[PDB]
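Take a look at this one chain, the form deposited in one PDB entry, written out in structure tokens.
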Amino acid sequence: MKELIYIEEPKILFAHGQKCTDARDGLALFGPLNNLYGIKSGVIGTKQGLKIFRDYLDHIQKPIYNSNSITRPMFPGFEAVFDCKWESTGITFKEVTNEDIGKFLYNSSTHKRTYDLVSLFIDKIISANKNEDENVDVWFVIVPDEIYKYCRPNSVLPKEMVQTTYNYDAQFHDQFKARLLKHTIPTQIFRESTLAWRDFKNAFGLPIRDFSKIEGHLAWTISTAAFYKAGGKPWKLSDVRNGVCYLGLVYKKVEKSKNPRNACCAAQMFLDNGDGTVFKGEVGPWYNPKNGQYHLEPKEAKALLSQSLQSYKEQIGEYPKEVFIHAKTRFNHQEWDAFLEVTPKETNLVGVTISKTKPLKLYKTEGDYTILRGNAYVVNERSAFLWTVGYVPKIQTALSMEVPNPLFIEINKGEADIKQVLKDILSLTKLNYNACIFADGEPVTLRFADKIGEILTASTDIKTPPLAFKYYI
């Protein structure tokens, strides 16, 4: 019998200075932090696909009800939740002719067809941004479903329908969002089945992406992403300690150049003067040679940490009093010495490793339900298991499907307090602005760093990428 502590559910802040654990319930009742007068939407795609987006936006205009409101709260409509006018009138449409979208699609080479497909959309988006007087906050890009079948790695094109750049990723979304970074255009990619799906039917006749029970949460996530991309503050953390920068590092492979080059991307979160919460990318991607190193050299580690500390000072005025670096991978002594060299005397540096690999599963004695979320088995003052994925009563079930795997949190470097570290990671698991869910299974710094890395390993020709998340997520 080993003791199993439980971290209290962190609370996020909403409009009027209110608090709630659930992001969906907080937004549905209290609203977002800032006031966006309206979202002017640009829609690029086939004229057939424009009808789908118009119908779906009209759908989300009205309140939406799902199968079980206790498990998944209903959607009260966009203008009621985010007090922002996102209408179907005033959208700027850029038609993509079916002939054009088919001419490049029917190609043997996946890389060339992906490059041409991405260009077909981004050229129109860039021209609309530059040489047009209309103002658009978010460019909603609708793609057909055969495209999704034949525009990504390992997509074998059928032989009967073959009719007819390699320095880029063979995936549509990553290259698409990588090539728009110079122009800073927030875009949202929609499959024609993600939008109105009842038309798309399989052999049995039921929709292949049958969302008959889950319209409410689909609309919730779509609306939250649209609000975030337009420059809105959905919610904020309320338990962030003063003088604490966080930073989170994720490594990715780059197949374009010989040797994966192991690009490292970081996401920085901290508190601002007053009460504002700062959460952005820290992107200077520091590429790592060797096939499987996944560690930073002293020069690049110094550059990364100096950039993060300077970004903190430029907004608060003094250096952070304590920094909690996260990473999926363990830190070795070389990069930690490099980090400590840049770090001043006052700042406390902590290196935390977060992984899902450890094969621990707690099955409860009786009852067809899994463990409560937030339970932590503190192995010792430097290592613990934390159940970020688990049961929470408000969502009426557990966030997983099978028995979840706990996060293994280890203070690889530094000293830190284990309970405080588990208290912050649980707080970090809340601020997922891409997904309007109760909580995330991984700390948001790691997830958004992974997204940044995925997008920036698609384009070789990037330079000084934006640090705002809306240009990636």
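Start at 1 with the first residue shown and count on from there. Only residues modelled in both forms are compared. Between two forms, the rigid core is the largest collection of C-alphas that superpose within 1.5 Å.
In what follows, reference is made to the form deposited in another entry, a form of this protein that is not presented.
Trainee: After aligning the rigid core, which of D123, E381, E132, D272 is the one whose Cα travels 2 Å or more between this form and the one not shown?
Mentor: The one that shifts is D272.
Trainee: Compare the position of the CA of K290 between this form and the one not shown after a rigid core fit and state whether the shift reaches 2 Å.
Mentor: Yes: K290 shifts by at least 2 Å between this form and the one not shown.
Trainee: Would you say whether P260 is displaced between this form and the one not shown, judging by a C-alpha shift of 2 Å or more on the superposed rigid core?
Mentor: Yes, the C-alpha moves 2 Å or more.
Trainee: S257 and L296: their C-alpha distance differs by 3 angstroms or more in that other deposited form. Do they come closer or move farther apart compared with the shown form?
Mentor: Here the pair is closer than in that other deposited form; there, farther apart.
Trainee: Might you say whether the CA atoms of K258 and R179 end up closer or farther apart in that other deposited form than in this form? Their distance differs by 3 Å or more.
Mentor: Those two alpha carbons end up closer in that other deposited form.
Trainee: Which consecutive stretches of at least 3 residues differ between this form and the one not shown by 2 Å or more at every CA, rigid core held fixed, listed in sequence order?
Mentor: These are the shifted runs between this form and the one not shown: 67 to 69, 256 to 273, 288 to 292.
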